[PDB]
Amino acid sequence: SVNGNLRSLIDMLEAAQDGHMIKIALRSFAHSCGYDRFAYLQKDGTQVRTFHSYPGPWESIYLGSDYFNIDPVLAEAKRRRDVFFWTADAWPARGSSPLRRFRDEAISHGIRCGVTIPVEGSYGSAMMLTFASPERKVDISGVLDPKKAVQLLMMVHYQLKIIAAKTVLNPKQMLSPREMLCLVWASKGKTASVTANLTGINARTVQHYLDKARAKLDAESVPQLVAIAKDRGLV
């Protein structure tokens, strides 16, 4: 059922640690409801941000034409606050208006119909989540719960902010300067005494720093330390 898959999506989103995981969760929900693609869009006055699974070629065209200005979907989304169904079929098929070209292209890219969840945020900001299908009519707007729909939009919104945030590293997890040097010289085949002679770090303390490096990288031996460091691109 739609709400059964929605409850599942909500659990999956909570567990998402990055965008890739959020995309997989949203793709599962979309598939389960009969859709293929999804798109999250956020409009803060002038700037517009999106997180979606629409095809690459369609995205370049969409941005390379500022189709935001003519998408009947966006215009309607701000014109209402309930989950609604839309179809490119209701747009101009003949004539030379910009919507007719928008129609032909959207459909050629599999974005023929869908349902959109619109929500007005703070400061007039606009947010929306759409699920699209290349088919004629796939409409869950009549079964989807209005309140859960908003809950889902809000989680996706906040989840994305809690990612767009800076990297933020933990000092304890990073190799210290003297640790990094002992490891690099070890990877260069230098002994503890030659390393000391080179860095100024005391000889007997060198092996101490290597053991420390191993703990941070979880390596049982120096050769494994080098392999891990190489794989993480640190040496």
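Counting begins at 1, following the sequence as shown.
Participant: If you average the CA temperature factors over each stretch, which comes out higher, 169 to 177 or 25 to 33?
Facilitator: The stretch with the larger mean CA B-factor is 169 to 177.
Participant: Hey, which bit's got the bigger mean C-alpha B factor in the entry, 121 to 129 or 160 to 168?
Facilitator: Of 160 to 168 and 121 to 129, the stretch with the higher C-alpha B-factor average is 160 to 168.
Participant: Just say lowest, middle or highest third for the CA B-factor of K190 relative to the other modelled residues in its chain.
Facilitator: It belongs to the middle third of the chain when residues are ordered by C-alpha B-factor.
Participant: Taking only the Cα B-factors deposited for this chain, tell me whether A203 sits in the lowest, middle or highest third.
Facilitator: According to the entry, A203 has a C-alpha B-factor in the chain's highest third.
Participant: By the recorded C-alpha temperature factor, relative to the other modelled residues in its chain, which third is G110 in?
Facilitator: Answer is lowest: the recorded C-alpha B-factor places it there.
Participant: Using the temperature factors of the C-alpha atoms in this entry, rank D211 within its chain: lowest, middle or highest third.
Facilitator: Within its chain, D211 is a highest-third residue by C-alpha B-factor, going by the deposited values.
Participant: Comparing against every modelled residue in the chain, figure out the third that the C-alpha B-factor of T116 lands in (lowest, middle or highest).
Facilitator: As the PDB entry reports it, the C-alpha B-factor of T116 lands in the lowest third of its chain.
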